[PDB]
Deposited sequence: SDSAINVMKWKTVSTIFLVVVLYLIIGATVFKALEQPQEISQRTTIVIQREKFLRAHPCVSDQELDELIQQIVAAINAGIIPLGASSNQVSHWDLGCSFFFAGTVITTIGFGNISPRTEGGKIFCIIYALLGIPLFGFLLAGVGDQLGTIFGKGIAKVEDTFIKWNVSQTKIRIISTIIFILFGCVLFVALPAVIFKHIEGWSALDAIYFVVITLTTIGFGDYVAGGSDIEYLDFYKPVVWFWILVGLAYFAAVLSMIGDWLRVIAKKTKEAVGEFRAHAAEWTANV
């Protein structure tokens, strides 16, 4: 019966698909409820500023303002952005799949080489990230070999301590790879604390919106700043990969628990109705 396992697979995939669609719907409702008011409050103010500059300076016509805005929009397509270090940063955003998009190619050959460069570099950087994660995991394994010997002899017994080990992992990881770089970014980039943490998360998840980019403004930066951010990205991508995998394992455990809890509720309602 080869088809039966395919049917089980399709049912599991359909359930996960429905869960993902429902997750997207809930997220859409929440994001709309959070962003619609500010969107309206800024769209009214920009229309106010338009007539504000029409009335504060009668020297500008109504017709020449639209041509000015047209040229400004023509200029936003271009934005040095392709100097020595800018293209290095761009190749980094490409092979890491972060893709901030603040710098993107406009030449046809630029796009062709970007396609080839991504297709070849994403796996290579994957190898590098796997190696870095292995090294970091062996370091943290020496650390847990030190921690699970001083507390493994007295009060708490096992099976429950694997959770404590994961807790120590998450805590020190949020300290080293999130909190400290967030403070450094808050002080150097001029971002807020929430903005810094938001940038850290959007970058280390490889989402990379591009609204916040470390080194992106035209601020003077110390010679060690951007390379240290490179190193932080290297190690933090490994850390966040580990964290996302752990969250996935937790979701797996929760899914099994919820399947058997649905079984429990059904098995109770059944023999409860049968008591006539």
So, counting the deposited sequence from position 1, which segments are absent from the coordinates?
80-90
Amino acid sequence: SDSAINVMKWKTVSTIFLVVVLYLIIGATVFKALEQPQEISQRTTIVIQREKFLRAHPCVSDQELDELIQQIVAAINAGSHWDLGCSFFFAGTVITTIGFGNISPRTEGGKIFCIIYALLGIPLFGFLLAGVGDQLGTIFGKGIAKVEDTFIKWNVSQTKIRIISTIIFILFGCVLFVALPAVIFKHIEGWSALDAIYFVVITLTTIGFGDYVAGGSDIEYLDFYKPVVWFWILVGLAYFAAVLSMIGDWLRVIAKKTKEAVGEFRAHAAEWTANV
From here on, numbers count along this sequence of modelled residues.
Quick check: 254-262 versus 12-20, which has the larger average CA B-factor in the record?
254-262
Name the higher of the two by mean Cα B-factor in the PDB entry, 118-126 versus 180-188.
180-188
Per the deposited entry, the peak Cα B-factor within the set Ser245, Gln49, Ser41, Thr29 goes to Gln49
Which has the highest CA B-factor per the PDB entry: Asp223, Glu67, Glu35, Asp211?
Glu67
For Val156, return the chain-relative third of its C-alpha B-factor as stated in the PDB record: lowest, middle or highest.
highest
Would the CA B-factor of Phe231 place it in the lowest, middle or highest third of its chain?
middle
Quick tally, chain-level thirds of C-alpha B-factors: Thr166 sits in the highest
Where does the C-alpha B-factor of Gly109 rank in its chain, lowest, middle or highest third?
middle
With respect to C-alpha B-factor, does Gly79 fall in the lowest, middle or highest third of the chain as deposited?
highest
